[PDB]
């Protein structure tokens, strides 16, 4: 669940700690992740956290209760994903069509104790199952209302049709929309086709994708992405046991917005090679290189080396180093667009960064303890300083510790804490959870988050499971109503399902 540079959140994790709005509320508890309200990894800023859904990029994403696992990748091992990934990758993984029919609903409602703060109700479903020996489907969708504190609506739906062409091949057809109101409106639609083959010589995954997004204003603007993607994984035994991965991306984004020659385009080509090599049982060496060619901005090399060595049964060491970048977007690279103003800038350079990490983990008898040092050294962060202009920031450093501790206090009691500590050119967060499996069915959390001048915020949380079909969860957040961010608030959730 925790290792160096990488964190994993489970359905069971989310299910115990229902968010109020989006998954950022849970993802921010992972080591090296803050909200600044958008996800920020290892100090690097939001614009360098990359958000994929089933490995596909996207620019509440996914109903929490529909998420199977969230994978968080930080720092060097995340360079491979290109621009937007210098701080790392959040990868949100969904539930998938199944040989048997499957429904779930969820209702959740969070009521602030202060009427100043505004209440939330959200609501979602997932249906999945077979049609045919060769066809399977899965639909999920959500509706979300959040009153204005003295509101805002979201609706999304996404469908997947899955076709088993062969026992060794699957195509996925996907499509759906998200819509948001409150005036400010946004409508987004999405199409994808996916081929996954398992072959004698390894595996393959090709992706086509289209995204539109329209935004209305208190004038309209439309954005569209085309993507193509190929990835091979070929295990080899030559010299040493290893798994060669080869991958290519092609990417077009178009923007039309007559708040400013109203159209703007950009194409992206890339190759990457990672080779994960077993030098010896217990030692992993994993070089890789990624070429990103940008239509405005030329070429960007992102070479990386990562490695791991085991130190007996109970310890492991991990280090890596990698170059990474962020290319500017169409708003920032084009002087004709003015936002309120701030102006694009045709002579912008891409942010570059050299990200280094080194960590140890201990693991024994349900005990887990990791510490990781990181240091990122980055250049031309794009930043806003009358008519202002997007600019390149001068050099900077980030450096922290990530720690993760997990302690079984008893068979059905466990204590867990997650630490993030950085200096930039000296703050820390601590996220802790005391968990009690009182019964098979009954489950209890105390949770705290401590910022550091330092201050504290504690929640309590309870859950009961009647059956496969029904379960219930309820909780107080900000127990002690610490103010001078949200006050104390009561929430309650019900999940029905017919697996």
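Residue numbers count along the first chain shown, from 1.
Per the record, residue 425 and residue 426 are separated by 10 or more deposited residues that have no coordinates. Look at the mean CA B-factor for 95-103 and for 308-316 in the entry; the higher one is 308-316. In this crystal structure, the stretch out of 234-242 and 84-92 whose C-alpha atoms carry the higher mean B factor is 234-242.
The residue among 345, 128, 162, 124 whose C-alpha atom has the highest B-factor in the PDB entry is 345. Each of 143, 387, 135, 157 has a CA temperature factor in the record; the biggest one is found at 387. Residue 108: CA B factor lies in the lowest third for its chain, per the PDB record.
Sort the chain's modelled residues by C-alpha temperature factor and residue 178 lands in the middle third, per the entry. When the CA B factors of the chain's modelled residues are split into thirds, the value for residue 410 lands in the highest one. Per-chain ranking of the deposited C-alpha B factor places residue 191 in the lowest third. Remark: residue 359 belongs to the middle third of its chain, ranked by C-alpha B-factor as recorded.
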